[PDB]
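Just one chain follows, in the form solved without the named molecule, and it is written as structure tokens.
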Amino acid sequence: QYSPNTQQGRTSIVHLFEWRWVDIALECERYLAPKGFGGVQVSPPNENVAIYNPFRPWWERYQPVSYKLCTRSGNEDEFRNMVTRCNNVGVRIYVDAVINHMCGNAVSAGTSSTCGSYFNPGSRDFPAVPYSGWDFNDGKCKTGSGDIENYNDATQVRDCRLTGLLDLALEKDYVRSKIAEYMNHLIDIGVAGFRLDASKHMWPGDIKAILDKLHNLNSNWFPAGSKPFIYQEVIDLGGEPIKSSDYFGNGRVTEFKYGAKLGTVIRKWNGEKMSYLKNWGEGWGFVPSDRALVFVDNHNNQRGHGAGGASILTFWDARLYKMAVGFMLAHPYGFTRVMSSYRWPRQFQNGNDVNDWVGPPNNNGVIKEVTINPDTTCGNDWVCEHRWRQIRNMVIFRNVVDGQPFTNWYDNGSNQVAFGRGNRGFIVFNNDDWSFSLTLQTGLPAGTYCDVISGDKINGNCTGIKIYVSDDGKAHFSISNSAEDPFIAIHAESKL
């Protein structure tokens, strides 16, 4: 469960949030595979409630109506096609599995679903699965509202409705079996793993019982005995009765303290400084590295919808975001997930974005295609952070230094730090309000290296900054606080 099942040498996955299956298939072949990306986390592929008030919000996809592979992203044939083409190129697909609940209990009965399936929340009827009143925790929940009212009671957090969402009775074999049927369908199609949505709202033991029903990965692409990669979304900051360690026996867990603390440090909130990142990782109270799925932002906290709050860095904070992603991608702790989003009309009112519900770029509800510009950036409002040179090059940096130890740490006692990864890579950051100019020990073999943040290595030459490492491994670095990107990164494969 703990191994990503990525191709040897690929160390990150990217969340292609709300992308269509045909767009992902093309991206796998034209960019992800050649650029060395390990895999793609896709949006929930199962049928969901079509919500028109507000107009097709991104969160309607977290309200299942059935397990049919029929959504705004495409149909079952398009999904299968995408998994096949991506696998044939070495890029894995990870499915966002929404198995804790069905749709909101107050949603109107009818066929307002992405596949026309009929459902009736009020009477607990979802014929397309099928599920009935007997398959929900209505009688198990002990709160007066039937919803989760207090997170200090670990029992209601698991048996009651997360903000009205009908809660599946995951202790029942029938329900466990319907969910396994769905997941095994995806596994046999070729998916390498899953993100278990709302894992905090499920009992570790119920989750385990489901995973015990799962097939090994498709033997046409994966070695015999391969188990699906499992990462559970569990928001565990401080002081809750539920701990993310309770879920270590099922697979990895999302470490939400990672992006929250990286955000406060890089923003320099409340006296925090980059020099404190010396012992980043478990030393900061994070889960063990081999059980961590890390990221700077995710789809639900980049819009103020989740763990981290206002400290979270996103593409909106382009300069600081690149630096945070760079640090994450250079640092050995955990398995990294890169975010890929779409722009929406942010509208802050009283400190809150009232347009945080807006779904993906679309035409009358039909998701727009991802168009690629001549400079490799995307159009149609897709941000495509995974295509930003600084980010894309750091994804490669992580691949090149995979397995190398964390060494040669340097810091000025403030916000100017540097460190290397064995003798395969070196990275330098300047987040102080003054310039950095110093000769550092890089642990790298002598030679001329291209800085992969400012440029690229293109046919025996660098398009950006060049760094010269001496016989003793020392090298001079100059970064002004006015630089577009206040950090420099060089590695074995950017060497001239």
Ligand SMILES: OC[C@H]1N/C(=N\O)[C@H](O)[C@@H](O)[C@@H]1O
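Note that residue numbering follows the sequence shown and begins at 1.
Not pictured, yet referred to below: the form solved in complex with the named molecule.
Heavy atoms within 4.5 Å of the named molecule in the deposited complex map, among the stretches 323-331, 200-208, 421-429, 216-224, onto 200-208 alone. Residue 240 is the only one of 149, 188, 138, 240 with a heavy atom lying within 4.5 Å of the named molecule in the deposited complex. This chain appears without its partner; in the deposited complex, the one residue of 266, 235, 179, 339 with a heavy atom within 4.5 Å of the named molecule is 235. Taking the partner from elsewhere, residue 89 is found to have every heavy atom lying beyond 4.5 Å of the named molecule in the deposited complex. The named molecule in the deposited complex is not approached by residue 115, whose heavy atoms all lie more than 4.5 angstroms from it. Although the partner is absent here, residue 400 lies well away from the named molecule in the deposited complex, with no heavy atom inside 4.5 Å. In the deposited complex, 162 is the single residue of 155-177 with at least one heavy atom within 4.5 Å of the named molecule.
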